[PDB]
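Encoded as structure tokens, here's the structure I'll be asking about.
Labels run A, B, C, D, E, F, G, H, I and J following the written order; every chain starts at residue 1.
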């Protein structure tokens, strides 16, 4: 039981200077954004995209740095680097529904932006409530593979 | 205090208070499982019980979790079972392998599949026409807030004639001491007589109830109206059936000792003559000579019995509920006033765990005066291997 | 399951000036006396009795004030008004019994006093339970109707 | 399921100055003695006995004012009034059985004391465990009816 | 299911001055000794024994007052008068059992002492686990009836 | 389900000056030693033995006084009174099972000492786990009857 | 199910001066050493052995004073009094199991020492898990009987 | 279900001066090392080995709880008295499992060291998951018997 | 369900001076490293390897002590002592799985290091869960045997 | 499974200057009034009515919000803005019924006020316990559609 949006924007060139900035974690699972980012890095590399990872920001106050502000600072870094595209996203659901089945429920949104203007060139959302015998990591991998697969890469 | 209020909510069946305590995560694992059972979610109760029975928790939480998990598994076992059964109805038996699987298909839906092949070896039957009987039975049970509702789909494919039956059952809980049960049956398998079991179906409308008259005493009754027909759709006679049983428990476990005493009565209006197509002469499978309508269905049957059961769990059950081995010794003495015959029966069984979380069970049963046996002794013989789905 | 006592006293006169004073709550249910008083006022009007209510007082410190002394103050009001009869009583049980059926149990004693002397002219007790699909207020109304109904009025 | 003692004493006179003094509550149920007093008032009136009631007085402290202390004060009052009999008793049990849908269990003793001497003239005990659909008030009413019913009045 | 000891002593005289002093509560049920004495007084009344009750005395904190102390003072009071016999005893068990049945379990010892010497003239112990639908007070009444019944009086 | 040790000592004399000191409560049940003593006094009376009970030693702080300290202070009293024998014992088990049946479980040791020297003349131990419908007091009575019944008194 | 160790030592002498030193409690059941001591005194008496018990020397804070040190004081005492043998040991298991059977489980070690030298002349350990219908004291008595029963005395 | 390691070492002399150092309790069951040592003393005695127990020392500080510290403090003791062999070891598992069966699980490792050098001469580990009807002490006794049984003694 | 890695390294020499360094407990079971070390010492002795044990020096506060640091200290000890090989490792899982199965799950990694360079000469890991009838110690012993058995010493 | 009240008033005018003051929340669901407000705004638009929303006011302590006074203040706002009609109402029930198959129960009362004088021109109540597989928002939407649907507009 999965659901994916179909973005109608134009194709984006694969051979460009891509970048990856941290994902926004709106799901209540801690560190879900980092896990989604790792799996998305693996999935993008499977499709031939090798984004430059944002630098590790020395955050003195983790609570102070809102995920949105971290994303904005990473966008500033990407602008400083003159990257053509920047891949980001968000995590809306990262949890096991539990009960008895314990099926994983994963929901993530994928966005590709133009760093110079900050415009959203691509926007897609995917959700999956996987099988009972499925892992959360596997469900997230499937969702991100579907989302990155839907990108119309030249 | 706070724990005192939690205990008060658990004792008084305060559904709102239990819901609040459960959502805010202020209950212990055993208390959580208890609240889940009280609120009607049995599957989530089993899941939370089995997922918390480990070293991480404290003493008596593990004990209550183990006991609750065992009782839930007794009510709704999860697992697979392979076995072979012999049931002698008296001058007629039915052997063959069986396969039973059951699991919670979701939090509130319980599935029970029971497949089985078999053959009839009886003097009064033309077993050649009655080839291998392939039986498949699916029972979807929906749990409800005040009981449950179940729908059964059973079929029996055979060379003679296929049977497709459907049954719906709704169990009500009026209180902790009272339960009621209404069910409708359509073209279902019979057990009144070996001949009826082999050549008959049943459409029945049934009512029943179970009442707890004391902590150790339970009263069970059942009222039924049954219609009996051959598998080809020819009437054999309708009737009503009444049952009433009183069970007194001496020990709840270690071993569980229970005494039962009850009365069973059936009155049936049989047809004038058995259908000719069933007779072996007219290309039928009833090899009995004469073939009087009483043989398929007795117009009047009655019995009052006293019984005693000693058991450690339930050998032959889908899930073993006791440590490492189970056994049962059940004895019944009966007085059939309709037949002027004293019925004596014993049911024996033993189970043992072989590889872990499993049970190899052997079960034996003897009954001197089976219903419809006509003086011939009945009995039961079975071997099963059961494995449990769960952590 | 219900049970009622039957008084052997002589009938009372409907035409006289009836009064009503608060009921004693010996059940542990909060404010059950007031609920019983309201339902008793409704039930009495069905028969034809229109008692005058005891005027309330400021709370002040009602914690020190017990049911019996408050009822005595109400009786002082009743004798000051020159009332022939005063309907009163007590609540012994007002609760849903513990169990899976939500069964209400009501126990109410109904007394009729003479303010001039204080002697009891009528005293009956009624109890009801076992009706699982019934409201606590409905059981109380039925018990009060039976008790008020048995009150022989000429 | 009930049991009652059968006294061998001489009958008492109905046409006498009766009195009622508070019941000792040796059950652990709060205010069970007062409920028993009200139901005993109702049951006595059913048999034609109208006992004058002890004058209540609010307790300065619950701990200081014991049950037997208050009963002794009531007996002093009855002695002052020159009553022939003082009907009294105690509550030994006022509770439902533990668990769900437990039946009511009431145990009450009834005594008739001579106010002058203070000697016991009558002493009967009754106990009842009722039906599961029965109220505590109804069971207490039945027990008190049987105890007062067996009281030999002439 | 009950158990009773059979005293091997001489019968005591019915036509004598009997006394009653409080029972000792070694059961953990609060105020079980008082309930036992209240039921015992009614049970003795069946057999025509009317013991004079010990007088009530003031005290401070009842929790700090030893039961044996009160029994000793009551024996002193009995010796002060010409009481030929004093009935006493103790409550060993007064509770509903633990388990799915929850039947009443009562255990009481009955002793008769010579007040002048304090010598025990009679000593019997009774115990009962009654029917699950039986009340605790009823079971105690049955036990005390059997113990007092076995107290053959010539 | 019970077990008893059989003594291999010489029979004792019934016609002797018997005493009875406290039983030591090594079980976890409070006041189990006193309950066992009361039932033992009843059981010995069945066997024609009337022992002199130890006096009520006045104590302010019972916690400071050990149980077997009390036994020693009672044995000295037995020594002063020149009693021939003295019955001593301990309670090892006094509880219902923590199961569904809650069967009573009782274990008691009985010792007969020579008051002057303090030598042990008799020593028997008895344990019982009774039926589901059995009281703790009844099981203790059966155990003590078996222990006392094996004394082989002369 | 039970298991016992078979000592390979020489028979001891029944006609000797036996002592009895307190048993160590390595189980988590409080006062299990004392219960074992009492049942062992009863069990040895059944085999014609009458040990001399150990004097008090009353201890201070029980939870602070180590068991081994009290035992050492007891061996010192036995050394002064010129005892031939001292029976001692330890309790390893004393509990009802927490499984679905709830059977009693007891494990005890029995040791016979020479008081002066301290050499271990005998050392046997026994364990038993009894029936669900069996008591903890009964299982302890059975284990102690088997250990003492295998003791080789001359 | 059991598992034992079989050693390839040289047989050790039967007739020799053996010691017995306390065992290390690496299991989380408290005091399991002492129970293992007692059952090991019994089991060794079954094979004709009578080791000299290490003298205990006072424990007034919380730093004297480390089993390694005690074991070294006893190894030096064994060195002073010039023992040939010293049996020691550790307790790996000592508990009833929490599954349905709740069988006893015991894991014990046994070592024989040369006291002067401290070299390990023997080293075996045994584990058992016993019967659900078997006790923990009995399972430990079986494991220790098989470990000591396979010990090569001449 | 078991899985073991198969190294492709050249074999080590049995005829060499081995050492044993503590295992790193990355499982959350306390003291699992020492338990694994004891069972590993027993398993190595079965193979004919007699490692020299690290000397156990005392540490500071036991709550906060890193395993890698102790391992490094023992490596420097072994380097000082001219040990050809040092056996060490880690525990990844040491627990019973949750549920009614009581299923042990053990995960252990075995490493052999050259003390001079500190280079890893061997590294294998094993796991075992699916055997509910065995104990945790037994499972650890089987895993360690399989790892040591695959060491292919020459 | 719903119930709605049918107003007897005259229809109002669809074409007019409507308003929407906030709804009262007498249910215990926090912010149920706001959810009802949004769904009612959507439901009115479906019928052609497009009310002017009231302006948000600054808020201090959110726990001290008094819905009545804020609604009144919005009513003055409507009066100064010269609005013909104002739609308002209350939320009586907004919750899921407890237990398995807990259906959504929503109860809303809708009122159309005249801001010139505050007179209520329309007042209806709706309540619905929806299907078990229904959402609270959907039940509220259906109830409000029925309420606004029956609001006759010409």
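Structural remarks
Basically, a contact is a pair of C-beta atoms (placed from the backbone, for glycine too) under 8 Å apart; a residue touches a chain by one contact, two chains touch by 3 or more.
Looking at chain F and chain G, the chains that touch each of them are B.
In terms of C-beta pairs in contact, B-G outnumbers the other of B-C and B-G. The mean-CA centres of chain A and chain H are about 57 angstrom from one another, to the nearest whole unit.
Chain C has its Cα centroid 70 Å from the Cα centroid of chain A. With centres taken as mean Cα positions, chain F sits 40 Å from chain D. As a whole-number value, the distance joining the C-alpha centres of chain H and chain J reads 78 Å. Residue positions 98-103, 131-133 of chain G each touch two or more of the other chains. Within chain B, contacts with two or more other chains are made by residues 11, 13, 53-55, 62, 66, 69-70, 175-176, 216, 252-254, 321-323, 353, 357.
Residues of chain B that touch chain I in their complex: 50-56, 66, 69-70, 73, 353, 355-357, 388, 390-391. The part of chain C that touches chain D in the complex is made up of residues 1-3, 5-9, 24, 26-28, 64-66, 68-69, 72, 90, 92-93, 97-101, 103, 105-107, 109, 111, 119-120, 122-125, 127-130. Interface of chain D with chain C (complex): residues 30-31, 34-35, 38-39, 41-43, 45-48, 50, 52-53, 56, 58-59, 96, 99-102, 130-131, 133-138, 140-142, 145. Partner chain G is touched in their complex by these residues of chain B: 59-60, 62-63, 66-67, 70, 253-255, 321-323.
Residue ranges on chain H touching chain B, taken from their complex, read 98-103, 131-133.
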